[PDB]
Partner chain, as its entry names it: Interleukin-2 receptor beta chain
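Take a look at this one chain, the form deposited without the partner chain, written out in structure tokens.
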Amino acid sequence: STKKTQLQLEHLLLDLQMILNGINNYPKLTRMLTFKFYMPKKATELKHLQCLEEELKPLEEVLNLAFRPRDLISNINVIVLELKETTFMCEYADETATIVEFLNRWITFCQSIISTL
């Protein structure tokens, strides 16, 4: 059970990393930063993945406007939902962020959980 959680988080880490790498390869990059995302106040536990889940449709939107995007987010949606049974109301920070800041924060979040086992 613990190994399946570690490999799920690693798969989530790769997918977010795959998006961020393609974003840096793009004038076009400046236009992609106008798209704003809601961010968590503090992401420490696995329960906070509800903040990412809520922002997956907005993530699909920006990838469509730029990158199949519908197939990629569908895979992320399953993994996130499988990783988090518990109803947790998510808390969003006062400041919104760009696509680059959104991805990097969740990449760092994923790297924190893998380290805590």
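Residue numbers count along the first chain shown, from 1.
Undergrad: In a third or more of the other entries compared, is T44 missing its coordinates?
TA: No; none of the other entries leave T44 out.
Undergrad: Is it true that at least a third of the other compared entries have no coordinates for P69?
TA: Looking at the other entries that model residues on either side of it, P69 is present in every one.
Undergrad: Enter the number of deposited residues without atomic coordinates between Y26 and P27, binned as none, 1 to 3, 4 to 9, or 10 or more.
TA: Unmodelled stretch: 1 to 3 residues, a short break.
Undergrad: Zero if continuous, otherwise a range: how many residues of the deposited sequence are missing coordinates between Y92 and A93 (none, 1 to 3, 4 to 9, 10 or more)?
TA: The entry has no unmodelled residues between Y92 and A93.
Undergrad: Please compare 27-35 with 54-62 and say which has the higher mean C-alpha temperature factor in the record.
TA: The stretch with the larger average C-alpha B-factor is 27-35.
Undergrad: Tell me, lowest, middle or highest third: where does the Cα B factor of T87 rank within its chain?
TA: It falls in the top third of the chain.
Undergrad: Within this chain's modelled residues, let me know which third the CA B factor of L7 belongs to: lowest, middle or highest.
TA: Answer is middle: the recorded C-alpha B-factor places it there.
Beyond the structure shown, there is the form solved in complex with the partner chain, which is absent from this document and is the topic of what follows.
Undergrad: So, in the deposited bound form, is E45 in contact with the partner chain at a 4.5 angstroms heavy atom limit?
TA: No, no contact at 4.5 Å.
Undergrad: Could you list the residues in 1-15 that come within 4.5 Å of the partner chain in the deposited bound form, counting only heavy atoms and keeping sequence order?
TA: Those in contact are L7, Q8, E10, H11, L14, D15.
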